[PDB]
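One chain comes next, on its own, written out as C-alpha cells in the form deposited in one PDB entry.
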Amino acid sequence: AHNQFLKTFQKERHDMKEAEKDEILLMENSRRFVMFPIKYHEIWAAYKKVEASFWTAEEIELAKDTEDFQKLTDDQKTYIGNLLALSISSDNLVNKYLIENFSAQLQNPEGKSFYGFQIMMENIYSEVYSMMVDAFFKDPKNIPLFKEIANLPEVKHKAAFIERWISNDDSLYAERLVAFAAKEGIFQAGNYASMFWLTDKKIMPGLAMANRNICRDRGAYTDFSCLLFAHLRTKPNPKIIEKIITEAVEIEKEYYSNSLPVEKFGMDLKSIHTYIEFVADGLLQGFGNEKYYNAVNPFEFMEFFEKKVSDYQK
C-alpha cells in the first residue's frame, strides 16, 4: 500500500533516520525558551514578521454583513455554512494539535516562538468562525453537514493523509515538514479562492477581511514549514516530496465535487481544480522540486520591490 511506495526507498530513507541524530535542528538541547543573543536570524525574522500582523476577533464587524447574506441563493447560503463548519470542527481542531507536535519537535527556541504565535491565532480564528455562524445562521442546529463530517469522503480521506505522513511512527521530519506545509498551503486553497471571488468588490466586508487575513497568515505559516525545511541537511528524495503534494492536491479537490458546491456555488470547477494545481507547484518549487501540474493562475490573485530585485539577481 502506502508502504510499497516507501519500500522503494528503504535505503535512502534508512540513511535518513540514521542521520536525523545529527540533525542539529532536532539536536534537542537546553534552549527551551529564547535566550536572547539570537543565532537563527531567519527563523526569528519570520516570528517578528507574523508578529507584526497580529489581530483580534473584534477586528471583525458582523452586521451590515448579514444583509448581503440573506439576499442570496439558497446554496451559496448553505455552501458557506458547510465551509464555516468544515473548519470549526474539522481543520481548526486538528490544526491546533499538530502545531504542538511540530512545535515540540523543533528544538530551537526562536522557532517554538513562532509556533507559539500560530496556535494563539488558530484559537482566535476559531472565534471568527463562531462569529459568522451566529452572525448569519443563528444556531449550530441550523447547519446540515454539521453532524456527519466524520462521514465525508473528503474529511476521511484527509485524516488518512495526516496519519499517513505526520502522526505516524514510520516518518521523517523533513517529510512531515513537507506534508504539514502541504496541509497548510494546499488543503483549503479552494475555500479562499471561493470567498475571495465572492466577497470580491461589493459583498460581505467582514468576511472579506477575515478571509483576507486568515489566508494571509496561513501563507506565512506554510512558509515557515519551508524555512525550516531548508535547514535540514539530508533532504527527502524529490520523488517523495512530490507524492506528498500530489496526494494533497487530489484530496483537496474532492471537497468541491463532493461536499461543497463550487458548481452550485457559482463557478467553473475546472478552474478551482487548476488553481489548486497552481499553488502546489509553487510549493513544489519551494522545496527544491520541479513543477508538476504546470498550471496557470485562473483567477486574478493576491496572497514587488523585493521580487523584481531578486529577479535581477538571477
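Residues that one form lacks are left out of the comparison. Here, rigid core means the biggest group of C-alpha atoms that superpose within 1.5 Å across both forms. In case it trips you up, residue 1 is the first one in the sequence shown, and so on.
There is another form of the same protein, the form deposited in another entry; it is not shown, and what comes next is about it.
Checking 120, 104, 160, 149 for C-alpha shifts of 2 Å or more between this form and the one not shown, after the rigid core is superposed, gives a single hit: 149. Here residue 49 does not count as shifted, since its C-alpha moves by less than 2 Å between this form and the one not shown after the core is aligned. Residue 70: CA moves less than 2 Å between this form and the one not shown after rigid-core fitting. Taking 2 Å as the criterion, residue 219 does not count as shifted between this form and the one not shown: its C-alpha moves by less than this amount when the rigid core is aligned.
A shift of at least 3 angstroms pushes the Cα atoms of residue 180 and residue 149 further from each other in the other entry than in the displayed structure. Relative to this form, residue 149 and residue 175 separate from one another in the other entry, with their C-alpha atoms ending up at least 3 Å farther apart. Taken over residues common to both forms, the rigid core alignment between this form and the one not shown yields 28-34, 139-153 as runs of three or more consecutive residues whose Cα atoms shift by 2 Å or more.
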